[PDB]
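Just below is one structure, and these are the notes that go with it.
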Amino acid sequence: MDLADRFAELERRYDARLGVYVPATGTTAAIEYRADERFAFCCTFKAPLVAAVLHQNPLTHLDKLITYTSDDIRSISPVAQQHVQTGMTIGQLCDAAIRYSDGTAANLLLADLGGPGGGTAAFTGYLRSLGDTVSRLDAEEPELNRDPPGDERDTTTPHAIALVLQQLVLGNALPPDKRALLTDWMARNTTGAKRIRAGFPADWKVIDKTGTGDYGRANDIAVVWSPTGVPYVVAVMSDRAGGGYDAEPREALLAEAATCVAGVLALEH
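Its first residue numbered 177, the sequence shown is counted upward by one per residue in the numbering used here.
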């Protein structure tokens, strides 16, 4: 038995398609399972979206107050629904997008990056600027959750998104002050306790960004650190197209995939 066999058993048991990527390190070979197959972003895009906004603006831009109306709420928006008559700062929008998967926050940051009709092109462009030729965002929240299996629209691959997240958190895509804001928001995420976090021991640091969609889509992208501070990137993506558009996502699948990864990365000699 090897790791690919373990992953295939998860697929069988959950009636799911699973994608896993952990980039190679100095000490470890890449872990990959369907890593070049396409999966819908869902809200995993919101992490590189926040990076794009951070990168293109000075820090004082995070204090810029953005006004919107009930006309702009089209999606699950746990934070923005609360502030729709008053408005929210860019920094508050980044916070909401990452820590609560707020659709409206994401959509507003898309507009901040690219203007009214240009947000998705611009977000995709940011990824192209990082050397990611693979991913693409074509719709805003909530429509980006709804493309059918095999549609290339609104998709990344585990390989591509992990390599983006690596540049953002563990490379120099952002200067340290901006990088630290992105890291802190992901570290404070409220939506990921049952995904990659659940697969890693408590003394490993985990920051993450989840996504959940139609056809039982459930994703999580994380950066993890060993108790001594050795960092790894983990992308786990899944869907359950056999149940149709309303298939139940299964977070436990992601927790188990992450548990498999954690056992490779932690167990020594």
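Beta carbons are placed, not taken as given, at the ideal position from N, Cα and C, and that holds for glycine.
- In the structure shown, residue 440 falls within a helical segment according to DSSP collapsed to helix, strand and coil.
- DSSP, read as helix, strand or coil, puts residue 362 in helix.
- Put simply, of 236, 326 and 315 the residue whose alpha carbon is nearest the alpha carbon of residue 292 is 315.
- In terms of Cβ geometry, residue 296 and residue 311 do not form a close pair [threshold 8 angstroms].
- Remark: C-beta atoms of residue 403 and residue 380 approach each other more closely than 8 angstroms.
- The criterion of a C-beta distance shorter than 8 angstroms is not satisfied by residue 206 and residue 429.
- In this structure, residue 275 sits near residue 366, with a CB-CB distance shorter than 8 angstroms.
- A distance below 8 angstroms separates the beta carbons of residue 306 and residue 343.
- Between the segment 238-255 and the segment 424-444 there are fewer than three inter-stretch CB-CB distances shorter than 8 angstroms, so the stretches are not counted as touching.
- The alpha carbon of residue 398 has as its nearest neighbour, out of 235, 255 and 376, the alpha carbon of 376.
- Assignment of residue 330 by DSSP, reduced to helix, strand and coil, places it in the coil class.
- Bounds of the beta strand (DSSP E) holding residue 381 are 381-389.
- Runs of the alpha helix (DSSP H) lying entirely within the segment 191-257, each at least 4 residues long, are 222-232 in chain order.
- Separation of residue 239 and residue 266 (C-alpha to C-alpha, rounded to the nearest whole angstrom) is 6 angstroms.
- Under a 10 Å Cβ-count criterion, residue 440 is classified as exposed, with fewer than 16 other Cβ atoms of the shown protein chains found around its own Cβ.
- In this chain, the alpha helix (DSSP H) harbouring residue 273 covers 266-276.
- Taking the Cα positions, residue 350 is about 8 angstroms away from residue 230.
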